[PDB]
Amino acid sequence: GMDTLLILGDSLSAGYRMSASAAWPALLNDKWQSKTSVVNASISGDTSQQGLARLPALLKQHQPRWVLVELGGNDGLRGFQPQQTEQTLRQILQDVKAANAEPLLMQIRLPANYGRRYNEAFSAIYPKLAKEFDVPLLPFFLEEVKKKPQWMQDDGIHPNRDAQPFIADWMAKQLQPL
């Protein structure tokens, strides 16, 4: 049958200041045609806690086979304690499993700030949780996209619309084994 992949994300999945149909998860939905449905449930600015709050209703509504979790970056951009982001993501993963869905956890990393300690503590939560839950750990695309000015909005922070087909094709390759 035609299964649903739910994306629980922030602007990296929603697409910042663009139509939903322009964002890579919609392009991926188009690529996959009727073989697999992609539901983008991503909102710019969401923290992991905000994604957690939205998740139960989405699980009930969409009954997805897999949930790609792409969250925590805002927590880290705001200097939130990594243990709290870890715990929130842990709860997300528990909820997804208890809904009989398979979680897929995207690694997130932060831009430079001061020293390496905070950023390393933040990035470490993702392989830890993927091992703990024994779930797929998907690679993070944002640093590579940021190397292409032609793929970035004027802020140098958010990918633009032209980035999205490239991200879609890359994510398709990463998700094909599903």
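Don't overthink the numbering: it's just position in the shown sequence, from 1.
J.: Could you check the entry and say whether 24 to 32 or 124 to 132 has the higher mean CA B-factor?
T.: Per the PDB record, 24 to 32.
J.: Name the higher of the two by mean Cα B-factor in the PDB entry, 43 to 51 versus 144 to 152.
T.: So the stretch with the higher mean C-alpha B-factor is 144 to 152.
J.: Just the C-alpha B-factor column, please: which of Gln84, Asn74, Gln94, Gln107 has the biggest number?
T.: Answer, based on the entry's C-alpha B-factors: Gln84.
J.: Considering only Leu138, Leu58, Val67, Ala112, which residue's Cα atom bears the greatest B-factor as recorded?
T.: Comparing C-alpha B-factors across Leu138, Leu58, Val67, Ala112, the top value belongs to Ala112.
J.: Which third, lowest, middle or highest, does the C-alpha temperature factor of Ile7 belong to within its own chain?
T.: Middle third - that is where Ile7 ends up once the chain's C-alpha B-factors are sorted.
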